[PDB]
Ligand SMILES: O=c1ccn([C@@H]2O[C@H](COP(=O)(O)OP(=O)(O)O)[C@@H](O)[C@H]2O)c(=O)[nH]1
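Just one chain is shown here, as structure tokens, and it is the form deposited without the named molecule.
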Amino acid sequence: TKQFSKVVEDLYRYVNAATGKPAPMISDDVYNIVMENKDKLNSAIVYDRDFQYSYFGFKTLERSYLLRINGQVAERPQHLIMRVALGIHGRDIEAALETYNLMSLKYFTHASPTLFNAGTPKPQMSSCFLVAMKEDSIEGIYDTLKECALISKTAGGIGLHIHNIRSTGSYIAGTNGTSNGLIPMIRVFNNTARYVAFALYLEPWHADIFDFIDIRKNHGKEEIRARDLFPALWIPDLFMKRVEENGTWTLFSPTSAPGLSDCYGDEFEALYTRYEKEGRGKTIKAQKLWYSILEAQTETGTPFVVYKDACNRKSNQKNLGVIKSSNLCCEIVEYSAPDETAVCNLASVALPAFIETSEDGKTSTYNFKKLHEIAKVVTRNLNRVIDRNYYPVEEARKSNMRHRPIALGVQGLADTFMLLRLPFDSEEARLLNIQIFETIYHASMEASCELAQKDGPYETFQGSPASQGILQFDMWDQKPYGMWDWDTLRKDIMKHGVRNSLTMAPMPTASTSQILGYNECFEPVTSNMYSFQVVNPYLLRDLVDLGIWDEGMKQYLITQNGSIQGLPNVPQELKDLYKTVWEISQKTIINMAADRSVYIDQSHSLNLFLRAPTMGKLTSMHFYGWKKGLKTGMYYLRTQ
């Protein structure tokens, strides 16, 4: 009660009245720490920093993040932050004190599940899991389902790959019965989801593919659907080629054509090709599937598209074996197997916090030194999270301890551009994009190398691209932009290793960018009006500064989507600076994505926006991304 240790006492001592069970909401561990250090901890909190969140930003904390006692809010926002700092840092009080300040000052934040659970008795701080279907058998299928149920119990998303499950009509031993396929098994996972979100990963040569991409269709002929599951395609290059050559494409059942999902690139093309020649599947025209994809995406925004070969060929985890899927948001690309469930350890840097208006009037700069610095901090945090996390299933524990993948991201890209008066499609924006990501990658790699010196390289380092001094941009065959000194980094890496197999994967930010008052991660603004009803504060400030914020605006703006193009009284520079995402060529979007990608270890959630969507425009948009070498060609398609 207005004092951190007292708040901790309360949450710690809490008893569920309606039942008589003591229900501690702090772990023993963090309780004792707060107690053994109450003074330092109590007097470090700056309560002034609570009115630094917007109305609707602070009300997202209150609505859902601040711990509550009897439906009444138990935590002030700084208590939350301080709680998280400790949950992350344990006995490391100086580290915790640093994390507290930087979060409270809004330099970065941590994913929702960290915010919810850090400090509490079963601290599941990890943002999502990637699950391998354990085996094409009732035992295998029910063992997986159990595992998802256990996982889906402490919430957090699941990315499930099912390339190895046989398709409708496939043969089954000891019975006259024929297999029913994927759809009815999807249905089982649907029902388990609803009982306790899901992405499903499939390679497009799977014989149940036509039905699988229609998982989210509206005209639901009862039994063949399955909703709040999201289908994602794990596309090999061969598919895209057949589609552009207008050639054939063969559907197989994994039992007649085994191994397809356990090789990529040329080994996959030989194995695939050899299976076509051997008459093991059913050939159709590549474009019949292509057309069904596009049709499904136009109506439902799914399936997502993640390029299998790009992902595997350019992954520092390639020494592990072949990577069979991404995650629910299409940013994580990490190895998974029957006994290794990959985990997403996520945090995001607040890009705008590094803008500085220096000795002058209107000059702004970007403090890349502070950026590098903070990303070193967040790298250290995400390591602790790996160690201090609660693992809902053993598979997850094995995966994280063994390869230690980390997942850094960003938010307030669009804000940064705007504050610095840079159109999203300016050459300056193009350049800032590159430098921002160069410095984050460089920082996290540097910090991760330091850790390898103290605690050793992750178990699985020897034999990896990084161990051979092949870093991410090398696998893109590009020279780094050169703001940072990569030689020295790479030399140290080869000497000492790094602690983390992977480190970058800019994700969706949803409610954690809301609290901080910034825009969805790295996409631009969808509108200059969200909803109540509030206008883009930068656009707002400029319309006041010109006096034109007369009612011929607040009204206009809402009945125009929040667009400013073709307003009669607004300078062209403002027009260029406040384009809606519907007004930015998806071509620029993809280019900037391709630019930043040589600095992304993993992938990123690349939402795509089309105005007057034709099947042809979509097709060019997929191929464009494809040929740019992107791992994630598309997360959702938003349209109309």
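Shifts are known only where both forms have a C-alpha. The term rigid core refers to the maximal set of C-alpha atoms that superpose within 1.5 Å between the two forms. Numbers follow the displayed sequence, beginning with 1.
- Coordinates for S531 are absent from at least a third of the other compared entries of this protein that model residues on both sides of it.
- Missing coordinates between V196 and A197 amount to 4 to 9 residues of the deposited sequence.
- Unmodelled deposited residues between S531 and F532: 4 to 9, per the record.
- 265-273 and 513-521 differ in mean CA B-factor, and the higher of the two is recorded for 513-521.
- Taking only CA atoms, the mean B-factor in the PDB entry is higher for 363-371 than for the other of 363-371 and 297-305.
- Per the PDB entry, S152 shows the highest C-alpha temperature factor of the residues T250, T99, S152, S256.
- Each of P465, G547, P338, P204 has a CA temperature factor in the record; the biggest one is found at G547.
- In this PDB entry, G629 carries a Cα temperature factor that places it within the lowest third of its chain's modelled residues.
- In the deposited entry, the Cα temperature factor of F58 places it in the highest third of its chain's modelled residues.
- Looking at the C-alpha B-factors along this chain, the one for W582 belongs to the highest third.
- In the deposited entry, the Cα temperature factor of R216 places it in the highest third of its chain's modelled residues.
- In the deposited entry, the Cα temperature factor of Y31 places it in the middle third of its chain's modelled residues.
This protein has a second form, the form solved in complex with the named molecule, left out of what is shown; the following refers to that one.
- Transferring the named molecule from its position in the deposited complex by superimposing the C-alphas around the site places at least three ligand atoms within 2.4 angstroms of backbone or C-beta atoms here, which marks the site as blocked.
- Between 350-358, 121-129, 217-225, 293-301, the stretch whose residues reach within 4.5 angstroms of the named molecule in the deposited complex through a non-hydrogen atom is 121-129.
- Put simply, of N400, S448, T416, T509 only one has a heavy atom within 4.5 Å of the named molecule in the deposited complex, and it is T509.
- Of the candidates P231, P457, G412, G156, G156 is the one whose heavy atoms come within 4.5 Å of the named molecule in the deposited complex; the others do not.
- For a residue to qualify, one of its non-hydrogen atoms must sit within 4.5 Å of the named molecule in the deposited complex; all three of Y65, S112 and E331 qualify.
- Heavy atoms of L502 never reach within 4.5 Å of the named molecule in the deposited complex, leaving it off the interface.
- Contact annotation for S325: none of its heavy atoms lies within 4.5 Å of the named molecule in the deposited complex.
- The shortest heavy atom separation between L346 and the named molecule in the deposited complex is within 4.5 Å.
- Just one of the listed positions, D360, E94, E278, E139, moves its Cα by at least 2 Å between the shown form and the other one when the rigid core is held fixed, and it is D360.
- In sequence order, the one region between the shown form and the other one where at least three consecutive C-alphas each move 2 angstroms or more after rigid core superposition is 359-362.
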